[PDB]
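Here is the structure we will look at.
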Amino acid sequence: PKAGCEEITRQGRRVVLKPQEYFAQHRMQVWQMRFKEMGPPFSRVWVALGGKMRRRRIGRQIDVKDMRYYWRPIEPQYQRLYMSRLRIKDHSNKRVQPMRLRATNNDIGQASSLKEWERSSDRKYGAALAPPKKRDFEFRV
Amino acid sequence: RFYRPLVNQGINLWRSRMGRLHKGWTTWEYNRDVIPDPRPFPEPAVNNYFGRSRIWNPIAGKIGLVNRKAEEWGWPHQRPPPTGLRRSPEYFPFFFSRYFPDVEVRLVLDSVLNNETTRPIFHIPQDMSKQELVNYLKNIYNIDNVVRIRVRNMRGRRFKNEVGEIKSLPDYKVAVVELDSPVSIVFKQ
Amino acid sequence: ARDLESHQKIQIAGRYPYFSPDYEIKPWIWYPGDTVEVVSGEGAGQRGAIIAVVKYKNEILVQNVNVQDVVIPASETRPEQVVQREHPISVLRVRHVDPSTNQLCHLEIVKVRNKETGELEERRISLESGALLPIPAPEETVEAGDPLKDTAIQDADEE
Amino acid sequence: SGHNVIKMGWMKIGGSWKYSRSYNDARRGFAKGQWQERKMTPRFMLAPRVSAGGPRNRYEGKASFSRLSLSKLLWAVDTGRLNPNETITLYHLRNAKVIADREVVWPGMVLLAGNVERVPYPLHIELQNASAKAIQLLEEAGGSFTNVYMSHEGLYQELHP
Amino acid sequence: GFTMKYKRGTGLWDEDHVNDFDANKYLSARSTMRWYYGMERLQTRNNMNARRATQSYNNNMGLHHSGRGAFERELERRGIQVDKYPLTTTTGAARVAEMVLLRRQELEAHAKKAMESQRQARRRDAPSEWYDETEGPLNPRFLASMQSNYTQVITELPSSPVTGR
RNA sequence: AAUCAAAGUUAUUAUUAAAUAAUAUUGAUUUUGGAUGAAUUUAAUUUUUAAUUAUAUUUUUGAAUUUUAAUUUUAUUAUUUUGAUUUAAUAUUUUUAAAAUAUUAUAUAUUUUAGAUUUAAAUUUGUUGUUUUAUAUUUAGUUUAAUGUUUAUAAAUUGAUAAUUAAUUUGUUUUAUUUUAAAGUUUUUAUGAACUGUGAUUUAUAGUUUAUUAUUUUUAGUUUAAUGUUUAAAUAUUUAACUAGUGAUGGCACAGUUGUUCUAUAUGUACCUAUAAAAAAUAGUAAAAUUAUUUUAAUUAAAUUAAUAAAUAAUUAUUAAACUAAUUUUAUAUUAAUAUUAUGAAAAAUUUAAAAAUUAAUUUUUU
RNA sequence: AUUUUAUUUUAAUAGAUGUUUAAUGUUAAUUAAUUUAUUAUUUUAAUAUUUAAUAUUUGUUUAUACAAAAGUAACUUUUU
RNA sequence: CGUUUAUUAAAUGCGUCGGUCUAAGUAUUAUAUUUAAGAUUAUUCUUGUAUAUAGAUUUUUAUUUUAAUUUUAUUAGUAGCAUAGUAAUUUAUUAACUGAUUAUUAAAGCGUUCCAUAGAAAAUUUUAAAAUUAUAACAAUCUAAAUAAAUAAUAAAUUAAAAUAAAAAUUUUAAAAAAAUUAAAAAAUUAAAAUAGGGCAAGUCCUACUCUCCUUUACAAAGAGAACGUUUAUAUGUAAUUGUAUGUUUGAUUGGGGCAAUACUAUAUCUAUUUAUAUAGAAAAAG
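Residue numbers (the authors' numbering), protein chains in the order written: chain V, 10 to 150; chain N, 47 to 235; chain O, 107 to 265; chain G, 108 to 268; chain At, 10 to 174.
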């Protein structure tokens with residue numbers, strides 16, 4: 010009667026709650042292996058390794074075949090690019106810090122430290138990163 | 047969880063080139079499961095028309111049988127009469143008919159008024175054949191001289207009531223009987 | 107066929123609002139002749155007697171109140187007249203005045219064990235005075251009956 | 108109340124969109140599932156894969172323990188949250204709100220002598236993997252430290268007995 | 010899915026741990042009767058719903074409507090108590106809370122009479138030195154409520170701050 | 001000749017919409033069969049009208065993801081008996097329909113004439129108002145959380161074991177959002193052989209040249225031309241041509257990655273890109289838009305690279321910073337942190353180039 | 001020649017060096033003058049204009065066959 | 001002699017011919033094609049598909065398919081014949097980019113060629129009513145007004161004219177400097193037009209084959225005392241419908257240096273272990 014007066018009387022599809030994503034999606038693994046982020050608070054270098062360290066060695070300079078061995082920082086122009094996908098976790102909240110590259114030990118439990126998980130004995134206190142579970146010697150599938 | 051899949055962008059965008067014919071639609075979003083209705087939307091089964099070409103719906107409806115039973119025999123409560131009795135002229139609606147007919151042979155007076163007539167016209171229900179109209183006038187109105195009956199079928203009168211719904215009367219069957227010795231009616235003013 | 111224009115769609119509701127079921131009020135309280143006066147609308151404080159009641163629409167002819175000049179239509183036989191009649195007036199704006207107390211009373215039903223008879227007939231009673239007002243009994247018409255096409259009772263009840 | 112268009116201050120609503128050529132393009136959002144670096148060989152791809160799982164990866168069974176600085180534990184024992192008599196197993200630390208749920212994961216914990224040059228009273232602890240200095244600090248003041256290293260099945264039955 | 014079903018009845022009142030986003034700022038006279046009657050309904054609407062399911066599913070499994078198989082019928086015929094912890098039944102709670110109310114009521118009348126021992130041990134037929142108002146004017150409404158505890162009039166305050174007499 | 005600026009009120013009528021609510025449900029809108037049934041049949045180990053509390057793992061390196069929550073326990077598919085409740089929305093029709101200023105040879109409304117003129121938006125990649133949109137009135141017309149008060153605690157490290165004298169915050173756990181309009185497409189199944197193909201289908205209602213049953217040909221519906229050009233027509237009027245069909249406008253028959261084709265990529269219901277249906281495909285990579293006056297700190301840049309521009313510098317921006325000799329008792333925008341779909345600089349001064357401008361150049365670049 | 005003309009100041013204003021809405025507007029605790037100030041130069045959708053003193057329209061005079069599809073705005077009483 | 005969506009040396013059609021087929025149809029037959037009937041003839045030679053083949057590929061040319069680049073013999077040849085051209089000659093016309101003839105090395109026609117040829121399209125000659133130039137030459141029917149009341153288009157106009165310079169552009173503006181209403185005709189301008197015509201960009205489409213790749217139904221192997229259907233392995237077919245086929249300056253270039261005012265468009269020149277990052281494999285200590 011008002012929105013369309015005939016489009017809203019005959020009925021089409023009704024939309025519902027839209028499922029979310031893996032909310033540690035942007036710590037993708039081409040950094041969880043390439044880099045590692047070191048540093049005290051408010052200065053986090055994403056130190057990376059040398060560029061030429063596996064391809065062509067014979068004949069390259071003697072004292073530059075080793076500049077490939079140091080944990081150099083990546084220049085901040087890329088620090089801010091990669092760490093941009095991590096900030097988006099709660100934007101406009103000027104006091105939440107960015108997601109970290111690796112999962113710090115206290116936040117993993119922060120998921121199961123929630124008033125709703127207190128009743129899941131399994132998966133609490135670390136069960137994934139726990140050692141593999143041990144079962145009855147008769148356990149079988 | 048079912049994690050949001052990112053269908054529109056990313057690889058799932060290009061994967062169509064990478065040998066993937068059917069790019070599925072997001073059947074997790076509309077997931078409120080209540081059926082839409084097709085754009086060639088069907089109109090309801092009610093015969094909207096009220097012209098002279100109004101047609102009888104041949105298709106048998108379920109309810110019409112159920113509404114038949116509940117009056118033939120108390121349907122949900124009284125068990126049925128055995129199929130032998132139902133195939134018999136002693137079944138009540140065949141017994142209420144063979145002994146208590148229900149007919150409306152109304153006479154039109156505009157042809158039998160002060161003007162003498164040999165062909166008085168009737169109206170008989172659509173399902174009174176000729177030789178029954180004979181039997182009727184013979185055994186109920188003592189009319190004993192009917193050599194020829196002449197039968198039409200007329201779409202019942204239609205009109206719009208002051209409200210506005212087309213209130214079409216039931217249909218009938220003009221049957222111009224032809225008596226031998228003419229009949230008449232007097233009207234003193 | 108199709109449906110009407112909207113305010114003429116509900117004009118069909120507006121003109122004939124008594125066609126919806128239960129438009130007739132909860133068990134009837136107002137009958138012909140009873141003490142009544144209009145409190146709302148027109149002429150507050152006009153005590154009258156109820157001439158006639160049409161029920162299906164909750165309407166009453168309150169005498170001496172809302173007397174609407176009647177345009178009586180007549181043939182060539184008799185000359186028409188213009189006499190006013192009290193127009194069918196609503197009841198939602200009329201109450202009862204106690205036939206004894208003569209003050210605006212709320213008349214509502216009760217069930218009373220009758221005396222010498224056990225009908226327990228639903229009897230109207232005021233909510234203040236307990237004025238036991240019975241339901242008036244209607245009348246069988248004196249001059250009713252078709253002379254030539256009636257099977258006599260003694261002739262029609264022959265078992 | 109305004110459009111924080113990039114490269115041009117914060118514009119008003121109803122303002123001029125002559126200069127929002129890239130605000131209409133930073134509102135769609137970052138490309139999803141697409142390399143951030145359009146040219147120039149992404150800095151991630153240039154660097155070499157190291158340690159096939161990663162430089163700090165945690166596999167199933169890694170000994171990564173959350174650090175309980177000894178100063179914390181020593182601060183509590185005087186404050187009065189912890190009773191110095193009862194061998195202070197991790198139940199006491201958890202139930203006395205010294206450490207919460209969000210810091211006790213499977214390798215239970217680790218005692219770290221952080222700036223604690225001295226421990227004054229005989230202190231007994233049943234924790235997991237104290238640091239060598241933290242051990243030689245408790246052991247000097249007549250205390251003990253019997254490092255319990257319980258399986259995960261033991262980590263539960265110690266916190267919710 | 011998982012929706013904290015172990016919290017439905019485990020609240021302290023009836024309106025708790027039931028997510029009802031449909032609220033309003035001012036719920037009117039009959040919208041409040043509609044509300045209170047509502048919380049209990051979907052608290053008893055839920056229960057007898059969940060009881061008819063368990064009692065019917067148990068009856069279809071051939072065993073007593075409360076799950077009691079052939080064993081726990083045979084033991085009760087023997088008198089051997091078959092349930093380890095017999096939680097207190099409806100007779101219990103409706104009695105374990107029947108005396109507590111019978112106790113308070115006999116303590117009120119025990120204490121209603123008690124305070125009169127001390128109230129009549131308050132000779133002050135004139136107001137104490139709280140009747141000062143050098144700090145700020147007294148409250149005329151309250152005095153009319155404190156007039157009972159005296160004999161001299163209290164409410165009559167001059168245009169000036171009270172002197173004290 | 002000629003102007004002259006200006007009428008805001010119908011009048012009169014009453015129980016829908018939308019979400020919500022966790023009780024019913026063999027397919028809503030006449031009366032099967034009406035011989036006696038054979039004709040009223042939808043069923044199978046797959047994300048299904050079944051809709052699932054984590055950030056760690058592990059993984060074609062890059063769109064892939066977390067395991068009972070209390071075992072029938074309540075997250076569960078829903079209305080009459082408060083116009084059924086609530087909050088948001090609000091009308092739709094009937095008939096209404098109005099008004100008394102500026103010259104006297106001519107640029108544009110102010111009374112006192114003269115002064116006065118981008119209509120705007122975009123686009124200006126300063127090929128600098130670059131040939132784009134707008135008749136007017138009213139209605140409808142676009143989603144990034146500007147905030148952290150007492151229970152209460154966080155903070156790193158190796159490739160790996162481990163090591164953690166290594167030094168240090170914050171947080172009763174903050175997540176969700178991400179423009180608007182717009183394709184051709186593309187895939188998923190339903191409809192269509194009344195138009196038109198082809199299959200099949202009619203065995204002699206006018207004229208005529210020739211010896212001839214073959215054959216010239218009367219030929220008023222059709223290879224041309226005029227008119228018509230939103231036309232009387234989303235193909236008609238007039239007309240040229242052609243016309244001999246025992247082998248064909250036609251029983252019913254073939255249907256969409258496919259039918260049919262005397263084959264033109266032609267047609268299969270008035271654009272074959274079939275219709276119909278179901279999607280949010282992509283469209284920032286010069287499309288069109290993106291709604292709130294009276295404000296209160298400035299500027300440009302021009303380099304590494306590009307199976308040629310979402311990425312980098314440099315600039316600009318948001319937020320924040322500390323006073324290192326140089327001078328006057330002058331004068332000084334220097335930075336950090338993040339946000340950033342950009343490759344080309346008037347007039348000069350010169351420099352490449354047939355340039356016939358482009359290119360380098362570097363100071364401009366109006367509220 | 002000189003003089004003399006288009007930008008070298010003041011005064012009032014009025015915070016300051018130009019782009020993030022002002023709201024107890026019936027005290028969303030309303031009750032007889034709230035005088036609501038807030039209204040998107042385009043988009044569709046509905047109206048109204050311009051083209052339009054118009055383009056079309058204009059009814060003066062008379063050379064007979066019967067089916068079926070197709071319709072059913074459809075009147076009825078007429079002698080199948 | 002039929003038959004067609006831009007209507008014809010389109011595609012049909014008879015014959016001949018090539019190939020296939022004797023357990024579904026008659027091997028002077030019917031499938032499957034290429035041509036075209038009629039009349040003359042139908043040339044030289046093979047590198048690949050096909051056939052045959054012998055574990056297969058690789059090899060391999062009775063007939064067929066496609067080919068012949070100097071096949072080019074017959075035959076016609078400036079021809080719908082890649083330019084060269086109006087071919088050079090002859091006619092024909094007052095004037096021959098016409099057309100026809102002769103021959104004849106035609107950019108690379110060519111044996112399915114060539115001839116014969118009827119109503120068609122040309123070229124002459126010639127005659128002739130369409131109002132063909134000359135040429136202009138209303139008899140006919142198609143009012144106004146009165147009535148009904150649509151359409152494209154519409155930012156505005158009081159300026160629009162007109163002349164001149166411009167600066168990026170066709171000029172339109174700006175500027176300077178100039179000076180006439182309503183009605184109907186005309187189409188010079190405004191957008192008198194629609195919509196075609198370009199070329200570039202990103203996107204998608206559709207068709208094609210020695211080199212890319214699946215769902216693929218064929219070929220071969222194996223397994224079942226092989227009673228036939230399936231499953232494999234090895235193979236990968238344009239029968240296969242996926243995606244690529246660029247970018248920059250215009251057709252070449254892609255690197256890191258240097259000289260050319262410590263400018264460099266590619267400007268102009270040159271040089272050379274100036275080095276090819278990652279990921280799987282390869283090297284297991286530091287290499």
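Each residue gets a CB set at the ideal place from its N, CA and C atoms; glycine is no exception.
Of the residues the options, the one placed nearest residue i, counting alpha carbons only
i               : options                           : result
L230 of chain G : G:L177, G:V112 and G:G121         : G:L177
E233 of chain G : G:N131, G:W213 and G:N254         : G:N254
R104 of chain V : V:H35, V:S121 and V:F51           : V:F51
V157 of chain G : V:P49, V:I71, V:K74 and V:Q38     : V:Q38
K98 of chain V  : V:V24, V:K11 and V:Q29            : V:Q29
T73 of chain N  : N:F48, N:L179 and N:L183          : N:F48
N208 of chain O : O:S235, O:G224, O:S146 and O:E214 : O:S235
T63 of chain At : At:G71, At:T53, At:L51 and At:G76 : At:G76
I105 of chain N : N:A116, N:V92 and N:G97           : N:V92
Beta carbon of residue i nearer than 8 angstroms to that of residue j
i               : j               : result
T141 of chain O : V200 of chain O : no
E167 of chain G : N115 of chain V : no
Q41 of chain V  : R111 of chain V : yes
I167 of chain N : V222 of chain N : yes
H259 of chain G : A12 of chain V  : no
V159 of chain O : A150 of chain O : no
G21 of chain V  : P82 of chain N  : yes
Whole-angstrom C-beta distance between residue j and residue i, which should lie under 8 angstroms
i                      : j               : result
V173 of chain O        : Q190 of chain O : 5 angstroms
residue 155 of chain V : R94 of chain V  : Limits of chain V in this structure are 10 at one end and 150 at the other, which puts residue 155 of chain V out of reach.
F172 of chain G        : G215 of chain G : 7 angstroms
Alpha-carbon spacing of residue i relative to residue j, whole angstroms
i               : j               : result
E246 of chain O : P138 of chain O : 16 angstroms
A155 of chain O : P205 of chain O : 11 angstroms
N161 of chain N : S175 of chain N : 28 angstroms
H74 of chain At : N56 of chain At : 15 angstroms
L245 of chain G : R165 of chain G : 30 angstroms
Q187 of chain O : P240 of chain O : 38 angstroms
Open item on the list: For the structure I just gave you, are there three or more beta carbon pairs, one from the region 53-62 of chain V and one from the region 147-163 of chain G, closer than 8 angstroms?
Closed with: Touching, yes, given that three or more Cβ pairs across the two stretches are closer than 8 angstroms.
Open item on the list: Check whether the region 130-142 of chain At and the region 166-173 of chain At are in contact - that is, three or more C-beta pairs closer than 8 angstroms.
Closed with: Enough Cβ pairs lie closer than 8 angstroms, so yes.
Open item on the list: Counting beta carbon pairs with one atom in the region 10-30 of chain At and one in the region 41-52 of chain At, are three or more of them shorter than 8 angstroms?
Closed with: Verdict: yes, contact present.
Open item on the list: So, does the region 125-140 of chain O touch the region 163-171 of chain O, judging by three or more C-beta pairs under 8 angstroms?
Closed with: The answer is yes - the region 163-171 of chain O touches the region 125-140 of chain O, with three or more Cβ pairs under 8 angstroms.
- [ ] Tell me, please, whether the region 168-186 of chain N touches the region 146-157 of chain N by the rule of three or more beta-carbon pairs shorter than 8 angstroms.
- [x] At 8 angstroms Cβ cutoff, the stretches touch.
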